[PDB]
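These notes concern the structure reproduced below.
Labels for the chains are A, B, C, D, E, F, G, H, I and J, by order of writing; each one numbers its residues from 1.
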Amino acid sequence: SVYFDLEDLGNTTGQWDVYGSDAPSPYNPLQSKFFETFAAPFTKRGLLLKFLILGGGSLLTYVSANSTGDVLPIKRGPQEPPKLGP
Amino acid sequence: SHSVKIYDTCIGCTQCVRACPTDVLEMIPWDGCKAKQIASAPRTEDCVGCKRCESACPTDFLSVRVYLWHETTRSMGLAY
Amino acid sequence: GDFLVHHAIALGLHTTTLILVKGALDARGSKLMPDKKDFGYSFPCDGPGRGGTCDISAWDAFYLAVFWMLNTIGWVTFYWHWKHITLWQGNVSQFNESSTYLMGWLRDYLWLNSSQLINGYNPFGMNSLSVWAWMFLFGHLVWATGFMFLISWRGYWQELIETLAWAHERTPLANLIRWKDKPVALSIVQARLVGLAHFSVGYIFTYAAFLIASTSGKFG
Amino acid sequence: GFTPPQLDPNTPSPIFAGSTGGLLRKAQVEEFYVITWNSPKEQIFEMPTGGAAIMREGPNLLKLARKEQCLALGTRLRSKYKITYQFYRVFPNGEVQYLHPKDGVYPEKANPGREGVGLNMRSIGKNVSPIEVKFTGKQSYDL
Amino acid sequence: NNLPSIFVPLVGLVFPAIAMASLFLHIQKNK
Amino acid sequence: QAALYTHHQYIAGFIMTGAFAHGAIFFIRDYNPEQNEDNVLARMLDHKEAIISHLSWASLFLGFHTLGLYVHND
Amino acid sequence: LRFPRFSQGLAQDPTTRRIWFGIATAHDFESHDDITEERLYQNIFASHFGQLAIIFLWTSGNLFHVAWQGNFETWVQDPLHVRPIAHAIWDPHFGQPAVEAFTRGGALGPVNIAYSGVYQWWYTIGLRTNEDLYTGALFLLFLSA
Amino acid sequence: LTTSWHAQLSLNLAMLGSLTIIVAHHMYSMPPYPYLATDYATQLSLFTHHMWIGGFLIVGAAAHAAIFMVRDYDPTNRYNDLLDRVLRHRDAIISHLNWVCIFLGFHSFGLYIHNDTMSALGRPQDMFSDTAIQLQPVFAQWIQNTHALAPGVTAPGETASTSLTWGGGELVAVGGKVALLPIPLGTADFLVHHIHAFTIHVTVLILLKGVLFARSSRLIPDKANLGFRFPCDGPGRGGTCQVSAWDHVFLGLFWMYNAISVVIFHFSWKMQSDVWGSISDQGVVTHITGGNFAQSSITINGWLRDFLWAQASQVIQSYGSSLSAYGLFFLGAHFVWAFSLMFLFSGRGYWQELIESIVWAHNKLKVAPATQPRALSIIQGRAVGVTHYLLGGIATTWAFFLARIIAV
Amino acid sequence: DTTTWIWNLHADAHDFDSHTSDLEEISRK
Amino acid sequence: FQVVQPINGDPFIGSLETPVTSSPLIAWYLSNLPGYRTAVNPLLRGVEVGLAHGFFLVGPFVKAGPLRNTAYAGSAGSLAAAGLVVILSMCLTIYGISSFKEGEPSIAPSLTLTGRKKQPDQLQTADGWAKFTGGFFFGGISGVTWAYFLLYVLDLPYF
């Protein structure tokens, strides 16, 4: 009935992991090698942010600029004749 | 943390020391009054600012004063 | 009617001046707190002792006077708008006959002139006044939101946040992400400022929407 | 002099069924508190974290996450069950700090060995105006 | 003109994202 | 014309509240009792109770009688 | 010291109060750490310059948007039967009935009617065409810089 | 339960409140007295009375449970296991109840806001309605069909259905007026039921949190010693305003009032638009508002324009007639409701200083009372505000309903 | 002495548990 | 026999063991999720999460979007899902930059619930989180594209 210790502070403060698993990789070596090879360039955090920002901005602007009137009502414009005010 | 100050109008009735819920204040000998004692605040780093001490001072104006200041984990009463 | 409304305006001015002058003159200290000058301009309170000391700082006298300022300016603008709209419609006798009792203001000014504004969009269609109806409702919502900050106080929300923090910490697949600064509830002074901001924004937006919609629905 | 008593980790803990008001990540990262006492008999007491527990006969040891909880439990024990108590503070590095009673006598009782930290030799109405301490970095009450 | 169709989405979405990301990184930065 | 009158009148109230707030801030922070002894400002601070208790009477009188007349007409 | 850099007390706060109170106490120069009278006055001077910079920019936008998307030239000819136009509307969320309902004035798309009374003021003080508004906008940009 | 009066009072109050709400529901659909269904003024008044009574009694049950927990709880001499287990995992109960409120609020109010925005943007084909996107209450319709078909199959001794609300019955007319007929259920009835659920859940959250944390919490471990009714514990720990159970009941009263008000509005509009009316000699029913609840009650603008604006023209035109008392009470209740806000928004120190100046002016003329004036306490100032708030709101709704339904 | 006594008089008029600690008298009341 | 017990037998930690938490069936399932495999490359775990979430996100955008009743529905929904995936990857990158420093050791627990000592998880390191974010982005884009291809290019008879 002892839950306190001074040489083992991991158990004293409840510093465990409940669902961690230590099993080795279940993925196939060939698939893992292919994924590691083809996903390498995005593993730099400094460059990925700039790439994402620039690509998203360019894609959003390119899509918005050249949209037609079949998708956006505001790009089609008014059709009915105007009405006078009071 | 907060700042707690004690002034010389103390009469040594020991009420503030009993009202503190964090063990901040204590009493020391002092020949300036009938009771021959005065309060002290040596552990103000544990003060939370609940001002239970001031509700117990019986003088015309408080002989113990609490001034709120920079707040830390101890003075915020956080347990997470 | 001009007589009565002018005296209402005078009452508003006098009360706002009273609140502000009392705060300014009692800023340095009073009988309840002789040494108020050592605690600065803005501070929450002085604890629950001596009967209770809520809203004792000089910052709290300014916060109370904004409600009266808004009320007085509302009275002034209501008077101006009703008088001028009745003059423009050519039926100035309606203001002369209905402004003398309080049911005339609610029925012949607010109820009557909000018919075109609320019809911005209906189950049948919409017209160019729909944005003003949306602003009307938006102002109502923000004004009602300010009440939560103005009425409910801090101790309840810290106790709610305690349980929220526990629940986040004891959840699978979500406790892998950790906050960097501990979450706490808003301070006592901050909540008053937030509630006042919500109140004022809702007040202004609602009146602006009503005024513009009612005046431009008839004359353009 | 007064040498603070040493903490013995092998002290058994009171019987409890468990609850959700216990320690959290703050204990693993920052600190936590330990309180000990001695029970002449086995009885039931109210936990400061909710629910009821049973204190064992003899020495007892209990972990708490704040100093307020330790002092509340100690006040209840002293006023109701007439028990002497002490509590400590434990750091993640592994050092225990003795906290209360620091001198060995309770703070409400005067002791000749204490020192007057935080005393002003005047009345509260003799503090200086805030204008005199402008741009100086001090405070009116700190002078 | 297509200038509104180029500028309104820009200021509406791209600029606030950059501003919020930079401002979050600035307040959380610690030394 | 209706928008310009409502615009400039709501601004005036905020400015007036700011004037009084900064007067209170000055009294808290910059006021030195020794330098301004027995001038008009010290005499302002001396009889604050008389100024406040009279604005109370004026406000109460106006409010009582205006509300009474409006309710009587109603 | 991380944030706010002007106050050491708030920088050590481990909670979310740090951000809020860093925002709220940003312009209170007298409460900042290691302040002096000279520094306070110089900061106030620079802040006043910055305030004057924004007024000239805000005015230029109104002139530019009236000249670019308004009907000042049409309104001048018949002031009593034309609606002033503030600027244009481009909202992707709009539906087809809303695009046609807001198309008023002489414009070919949704517009906003101006209730600030700038058409009358500019008409009175002598402006008559759009080139005058463009020149005014350029001059105000120069003043802001 | 034999050594405490507060536990018994709490249990009885909860049961009586639930019974009163059931009584209110069961009397409009199965009218027990002659010439009651076709007299619309009484039918509307009997439903609203008992709902308010039930809500008040439920809040009282919560308050007295909190009082028992603060005062009579004794783990040493009166140990009970189930209460201890409920107290040992109160963090899990509140945090889960907190989540449900957010989910319900979002998925019940964002639908209204989405409908309002889509209507404003000229896109009526994207709203949640019977014509664009349908959210049909299928379970309630299945229940209605089952209850309609129950006679003759599962109830051989029954000659007719228990009530005429279940679709499948025949219209009943007494003296040219409509007494009862089947009530349709559509998309408009899907949203308002979830509004009711959301409000009830929020009120339950507030009251249960107060009751559970009455004894102690992580912020104030010794909250039991401070009492059941105390204002605060000082500005320490960032601020501990309204931590007692009394303040939790004070907060829950506002939400009870908010929840009950939506119920009576729903009842009034649904009955005026779908059931009540008149029948001509040839059998054509003309409802009072002509069935506009289906399409107008899906946006917030519809309740402001078609319900509040349109149905309030009777009370504001009552001057000079025998119904003018309702017009006078309509305006008076607004004054009380707005007067309540002075106590709710303000604090105690300002008024004490104002009273100090007033007392000086009185002392100047030897009219100073020997009983020193004091401003209201912190707890009293809260109690005065909520009383006036509830009085004003309830009186306004009462006058509005009574003036509207008597005239038409 | 002060005016809070008048308010306190009506606030605890029906709180029998505060007046006495005997269950018999509370039950009779 | 009691099904509700204090965690690891310690009744002074603010959590409980219930059939929902510590059941053998649910413990096996949660231990096999990609986010809980502490001995695998963070890049490999990141791809699975991105694939699953990208495949998930396509449907709600396609079916309920403003362009649902026209012939642009599938393309618009896939494009919106890809945009959301990009935003989520940016959020992950910002969080990783803010939380973890360079050269510091992992901050994950290093003790098994039974008391055994295991190597701490590498996901809580700057490099590990960067690899996780890259894998998540790649997996999300691939999953969104695969969902679009299976749905509106082959015209399989769904529903």
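Just so we're on the same page, a contact is a pair of C-beta atoms (placed from the backbone, for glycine too) under 8 Å apart; a residue touches a chain by one contact, two chains touch by 3 or more.
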*asked:* Quick check on the contact graph: shortest path length from chain B to chain J, in steps?
replied: 2
*Could you pull out the chain whose C-alpha mean position is farthest off from that of chain A?*
I
*So which one's got more C-beta contacts, B-D or A-D?*
B-D
_Nearest whole angstrom, what separates the Cα centre of chain E from the Cα centre of chain H?_
44
*Distance from the mean Cα position of chain G to that of chain B, given in whole angstrom*: 53
_Inter-centroid spacing, chain J versus chain A (mean Cα positions, whole Å)_ = 10
*In chain H, which residues are in touch with two or more of the other chains?*
89, 91-92, 122, 218-219, 222, 233-235, 237-238, 240, 331, 354, 356-357, 374, 377
*For chain A, jot down the residues that touch at least 2 other chains.*
3, 14-15, 18-19, 49, 53, 56, 60, 64, 85
*Spell out, as numbers or ranges, the residues of chain C touching 2 or more other chains.*
22, 26, 34-35, 37-38, 44, 46-48, 51, 61, 102-103, 125-126, 130, 162, 165-166, 169, 172, 180, 182, 184, 187, 212, 220
*Which part of chain E faces chain A closely enough to touch in the complex?*
2, 5-6, 9-10, 13-14, 17-18, 21
*Okay, in this complex, where on chain A does chain E touch?*
49, 53, 56-57, 60-61, 64-65, 67, 75
*If you look only at chain B, which of its residues touch chain D in the complex?*
3-9, 14, 17-18, 21-23, 25-30, 37-38, 40-42, 44, 46, 48, 61-63, 65, 67, 73-74, 77-80
*asked:* Could you list, by residue number, the parts of chain H that touch chain F in their complex?
replied: 328, 331, 354, 356-358, 360-361
_So in the complex, the part of chain D that touches chain H is made up of which residues?_
17-21, 43-44, 46, 48-52, 66, 68-69, 72, 75
